[PDB]
Amino acid sequence: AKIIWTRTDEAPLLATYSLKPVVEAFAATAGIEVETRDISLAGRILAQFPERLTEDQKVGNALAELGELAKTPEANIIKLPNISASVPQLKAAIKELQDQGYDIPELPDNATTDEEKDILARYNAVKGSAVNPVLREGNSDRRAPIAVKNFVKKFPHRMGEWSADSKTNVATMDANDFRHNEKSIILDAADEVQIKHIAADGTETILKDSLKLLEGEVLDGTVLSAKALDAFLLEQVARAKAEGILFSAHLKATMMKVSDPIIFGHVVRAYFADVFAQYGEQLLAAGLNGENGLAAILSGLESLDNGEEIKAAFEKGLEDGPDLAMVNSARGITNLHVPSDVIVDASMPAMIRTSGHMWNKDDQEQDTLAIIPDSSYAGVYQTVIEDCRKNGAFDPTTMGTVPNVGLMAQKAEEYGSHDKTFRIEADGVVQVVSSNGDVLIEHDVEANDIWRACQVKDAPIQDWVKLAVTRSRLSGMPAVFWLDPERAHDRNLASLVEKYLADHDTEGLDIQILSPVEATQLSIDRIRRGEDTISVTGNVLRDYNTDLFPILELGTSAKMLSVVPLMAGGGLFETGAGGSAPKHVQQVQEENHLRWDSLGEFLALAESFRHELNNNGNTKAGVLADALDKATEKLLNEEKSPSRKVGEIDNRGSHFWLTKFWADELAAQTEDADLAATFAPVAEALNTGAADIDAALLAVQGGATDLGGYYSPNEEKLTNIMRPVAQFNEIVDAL
Ligand SMILES: [Mg+2]
């Protein structure tokens with residue numbers, strides 16, 4: 001079997017030249033090969049223009065090849081952070097590659113010829129998040145790392161004290177929202193449906209022409225009532241003002257790129273009701289409706305004859321209305337300025353951790369009325385708020401853990417509803433018509449309403465249920481499926497879950513189904529008494545829960561174990577969710593100190609070995625994993641992660657110490673005498689030379705360093721820079 005270690009960009013790329021050689025050496029003792037595959041921005045660019053490269057220049061298509069491997073049982077991929085190219089990065093890499101002799105074309109700013117359109121199309125295939133779509137062939141398994149969990153028990157982050165008088169509460173809709181208006185069905189045969197809009201004029205309008213559906217696929221139809229929404233919003237504005245608490249709105253404008261910016265607009269107009277009551281007609285016509293935030297509005301006023309007048313009306317609105325949660329008080333930026341500034345899954349946990357407070361214009365903590373329009377998930381947060389007001393803040397040193405098994409395969413549910421979300425312009429009805437004419441789903445709609453369709457396939461669902469059983473079985477932690485009895489969609493999934501659980505051996509397992517609210521209560525009841533509960537949820541709750549609990553338990557959701565059980569039985573282990581940190585590379589170029597933290601790679605590697613143990617019966621891989629777990633605990637116990645300052649331990653130094661501790665554990669363990677015998681001399685060697693190696697790894701730091709490039713650094717220079725201590729390299733190479 002072989003593990004594929006992704007060769008990426010910037011910081012993690014540098015770290016890879018130091019860590020991968022060690023991983024390969026250690027993995028080999030369990031009969032595991034470790035190979036790199038190039039998915040760097042530079043490599044993916046070259047992959048698009050093979051016809052422009054000489055035979056020796058061609059790189060093939062590593063990403064495409066990994067996509068294929070991911071569909072086979074042999075897949076064991078460790079995925080490190082990489083660049084999701086912006087136009088500037090793309091342009092910069094193009095130039096560097098050209099300077100290196102790769103005769104690739106310029107990035108067309110505006111395609112004005114057939115050649116440019118073609119070139120642009122190929123470059124667009126490389127821009128942005130091009131990697132994840134290809135590698136994530138499955139559902140999500142995310143857990144708080146126990147090595148991290150154990151550290152936090154020793155050094156707990158700060159949790160804001162909670163008062164039983166807290167006035168903080170989530171405000172959400174009682175009806176007429178996505179949750180209550182949702183209708184869901186399960187196709188019993190493949191079908192190519194269509195979404196129509198029939199007005200009162202009977203005038204039927206086609207919203208979505210062709211939608212291919214598979215047998216067993218779950219399809220939902222729902223609508224958000226603009227009328228009920230505005231009524232709700234105005235009520236909350238008044239309540240926040242009446243109670244003297246901060247008004248805040250928590251949406252996900254970035255991911256839900258269609259529905260949420262629109263809902264954000266309603267929030268803005270609701271807050272500045274008087275302004276739009278006086279200049280509505282004008283403002284909306286000018287496109288200044290708040291869907292781009294208050295900032296977009298204000299800047300657009302300097303384009304109107306009465307801009308200064310309207311601008312004063314807004315300023316009056318801010319002084320008269322309830323105080324707003326602040327994004328940046330120093331710049332007067334409120335919750336309402338930019339739609340994407342406040343993102344629900346990030347903002348709610350922070351507020352809960354901070355005694356249920358957000359910040360006012362005077363940079364002071366204050367209770368808040370947290371508006372979450374749709375009620376599908378608002379109850380989860382509300383349940384935690386009431387619990388904290390009742391029992392106090394959670395205690396990181398004794399609290400249990402709540403992992404997540406999430407349904408996300410093939411843009412499952414809401415995260416794939418973007419091309420099926422429409423802003424209703426006229427009263428009437430929207431219907432999903434079968435290929436034969438039958439009306440599968442139909443909703444009464446009114447101008448300004450938001451109609452949405454979601455879909456999730458059967459295989460993803462069966463795999464999700466299997467993953468839940470697997471995690472409960474392997475961890476011994478009870479699993480709870482979070483399904484809302486009030487949602488047609490969830491009611492459909494509940495029956496499928498009940499059906500598919502029967503395909504598994506669940507004797508001895510504690511598995512059940514509860515509404516998101518009941519599930520949250522049980523989970524936090526147990527967490528407070530130091531017990532654990534796996535949350536098995538849909539896509540959105542997966543996105544919320546993997547932020548919520550890790551932040552409460554660890555103070556951050558940044559250090560997580562992230563696994564994607566691949567379709568064909570293989571595994572994808574993501575080391576981190578951030579970027580490839582360009583500033584870290586800059587520091588290496590400036591003073592040869594890499595502060596990139598490889599903790600995520602250590603964690604993912606241990607799980608990768610366990611994949612081999614549990615799925616390919618590699619017992620030696622489990623021994624390697626157990627020793628690596630202990631080595632990581634010690635690295636953290638001695639605070640040997642990279643320091644941010646030159647002259648102090650950096651990425652290379654952390655690798656050495658992890659390696660030393662790992663060899664020690666392997667030489668000390670008694671499960672495999674052979675492995676013990678193989679590592680005894682390695683540990684011995686690393687130990688006598690530790691003092692010299694550690695000093696040498698501090699000595700190399702200090703001055704300017706030349707990587708021979710940036711997006712396409714020079715192979716020989718990188719190796720020389722990242723593996724500078726011969727004493728260490730020789731111990732590793734000998735293995
Ligand atoms: Mg999230």
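Sequential numbering from 1 along the given sequence is applied to the chain's residues.
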Any ion pair linking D733 and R723 (charged N to carboxylate O, less than 4.0 Å)?
yes
The single option from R142, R143, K79 that satisfies salt bridge (charged side-chain N to carboxylate O under 4.0 Å, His left out) with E607 is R143
Using the side chain to side chain donor-acceptor pair (under 3.5 Å) rule, take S562 and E574 through it: C-alpha gap first, then chi angles, then the decisive distance, then the call.
CA-CA 5 Å; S562 186; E574 296 186 46; 4.8 Å; no
Residues passing the salt bridge (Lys or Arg N to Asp or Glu O under 4.0 Å) test with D672, sequence neighbours excluded, are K620
Please check: side-chain N/O of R7 versus main-chain N/O of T36, any donor-acceptor pairing under 3.5 Å?
no
Are any side-chain N or O atoms of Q512 and backbone N or O atoms of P478, one a donor and one an acceptor, separated by less than 3.5 Å?
no
Over all atoms of both residues, closest heavy-atom pair of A70 and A75:
CA-CB, 3.8 Å
Are the side chains of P485 and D490 in touch, meaning some heavy atoms are under 4.5 Å apart?
no
So how far is it from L613 CG to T619 OG1, rounded to the nearest 0.5 Å?
7.5 Å
Looking at every heavy atom in both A15 and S598, which two are closest together, and how far apart are they?
CB-OG, 3.9 Å
Gap between atom CD1 of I534 and atom CG of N545 - 0.5 Å precision
13.0 Å
Looking at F573 versus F609, is the centre-to-centre ring distance below 6.0 Å?
no
Can you find a pair of side-chain heavy atoms, one from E413 and one from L493, that are under 4.5 Å apart?
yes
Are the side chain of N539 and the backbone N or O of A412 linked by a donor-acceptor pair below 3.5 Å?
yes
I511 and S472: which non-hydrogen atoms are nearest, and at how many Å?
CG1-OG, 4.4 Å
Parallel, tilted or perpendicular, judged at 30° and 60°: which one describes the rings of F49 and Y123?
tilted
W482 ring center near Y377 ring center (under 6.0 Å):
no
Heavy-atom nearest pair, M255 first then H418, reads O-CE1, 2.9 Å
With a 3.5 Å distance limit and no angle check, can you tell me whether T470 reaches the backbone of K466 through a side-chain donor-acceptor pair?
yes
How far apart are the C-alpha atoms of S210 and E192, what are their side-chain angles, what is the distance that settles it, and do they pass the side chain to side chain donor-acceptor pair (under 3.5 Å) test?
CA-CA 6 Å; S210 173; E192 182 183 306; 3.3 Å; yes
pair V402-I524: side-chain heavy atoms closer than 4.5 Å
no
Take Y415 and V540 through the test side-chain contact (heavy atoms from CB on, under 4.5 Å) and record every step on the way to the result.
CA-CA 7 Å; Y415 291 153; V540 178; 4.0 Å; yes
Salt bridge flag under 4.0 Å for residues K634 and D664:
no
Does some side-chain heavy atom of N82 sit less than 4.5 Å from a side-chain heavy atom of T6?
no
Where do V218 and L496 land on the side-chain contact (heavy atoms from CB on, under 4.5 Å) test, with the steps shown first?
CA-CA 10 Å; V218 182; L496 290 174; 4.1 Å; yes
Calculate, to the nearest 0.5 Å, the distance between atoms CG and NE2 belonging to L219 and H489 respectively.
10.5 Å
Between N139 and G406, which heavy-atom pair has the shortest distance, and what is it?
CB-O, 3.2 Å
Over 60° means perpendicular and under 30° means parallel, so tell me whether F679 and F26 are parallel, tilted or perpendicular.
tilted
Any sub-3.5 Å donor-acceptor pair from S140's side-chain atoms to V564's backbone N or O?
no
For atom NZ of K411, decide whether the heavy atoms of other residues, nucleotides or ligands shown that lie under 6.0 angstrom number more than 12.
no
Under a 4.0 Å threshold between the charged nitrogen and the carboxylate oxygen, would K630 count as salt-bridged to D626?
no
Would you check, one step at a time, whether the test side-chain contact (heavy atoms from CB on, under 4.5 Å) holds for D597 with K559?
CA-CA 10 Å; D597 188 355; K559 298 161 178 291; 3.4 Å; yes
Using the rule given for side chain to side chain donor-acceptor pair (under 3.5 Å), can you reason through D484 versus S376, listing the C-alpha separation, both sets of side-chain angles and the distance that settles it, and then say yes or no?
CA-CA 8 Å; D484 193 357; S376 292; over 6 Å; no
Minimum-distance pair of heavy atoms, taken over all atoms of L135 and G67:
CD2-N, 4.3 Å
With rounding to the nearest 0.5 Å, note down the distance linking CD1 in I77 to NE2 in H611.
10.0 Å
When you measure from the side chain of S557 to the backbone N and O of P550, does any donor-acceptor pair fall under 3.5 Å?
no
Before you tell me yes or no, could you show the steps for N637 and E633 under side-chain contact (heavy atoms from CB on, under 4.5 Å), namely the whole-Å CA-CA distance, both residues' side-chain angles and the distance that decides it to 0.1 Å?
CA-CA 6 Å; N637 191 59; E633 288 224 308; 6.0 Å; no
Assess whether salt bridge (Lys or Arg N to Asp or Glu O under 4.0 Å) is satisfied between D543 and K252, documenting all intermediate values.
CA-CA 11 Å; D543 197 8; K252 200 141 175 63; 3.6 Å; yes
So, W662 side chain and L624 main chain: donor-acceptor pair closer than 3.5 Å or not?
yes
Student check: side-chain heavy atoms of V682 and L735 closer than 4.5 Å:
yes
Would you say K58 has more than 12 foreign heavy atoms packed within less than 6.0 Å of its NZ?
yes
Contact between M567 and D463 at the side-chain level, heavy atoms closer than 4.5 Å - yes or no?
no
Would you say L63 and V131 make side-chain contact, with heavy atoms under 4.5 Å?
yes
Please test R487 against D220 for salt bridge (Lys or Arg N to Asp or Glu O under 4.0 Å), starting from the C-alpha separation and ending with a verdict.
CA-CA 10 Å; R487 291 186 57 186; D220 319 302; 5.3 Å; no
Quick one: pull up CG in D547 and CE in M560 and give me the separation to the nearest 0.5 Å.
8.5 Å
Please determine if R542 and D141 form a salt bridge, counting it only when a charged side-chain N lies under 4.0 Å from a carboxylate O.
no
For the NZ atom on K149, are there more than 12 heavy atoms of other groups (residues, nucleotides or ligands in this structure) within a distance under 6.0 Å?
yes
Under 3.5 Å donor-acceptor, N616 side chain and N618 backbone:
no
Check the pair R526, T533 against side chain to side chain donor-acceptor pair (under 3.5 Å), reporting the backbone distance first and the verdict last.
CA-CA 7 Å; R526 290 169 59 71; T533 321; 2.9 Å; yes
Between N492 (side chain) and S184 (backbone), is there a donor-acceptor pair under 3.5 Å?
yes
Within a strict 4.5 Å, meaning less than it, do heavy atoms of the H584 and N651 side chains meet?
no
Considering only residues two or more places apart or on different chains, which pairs with a residue in residues 496-516 satisfy salt bridge (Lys or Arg N to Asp or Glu O under 4.0 Å)?
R473-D505
Main chain of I83, side chain of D9: is a donor-acceptor contact present, judged purely on distance under 3.5 Å?
yes
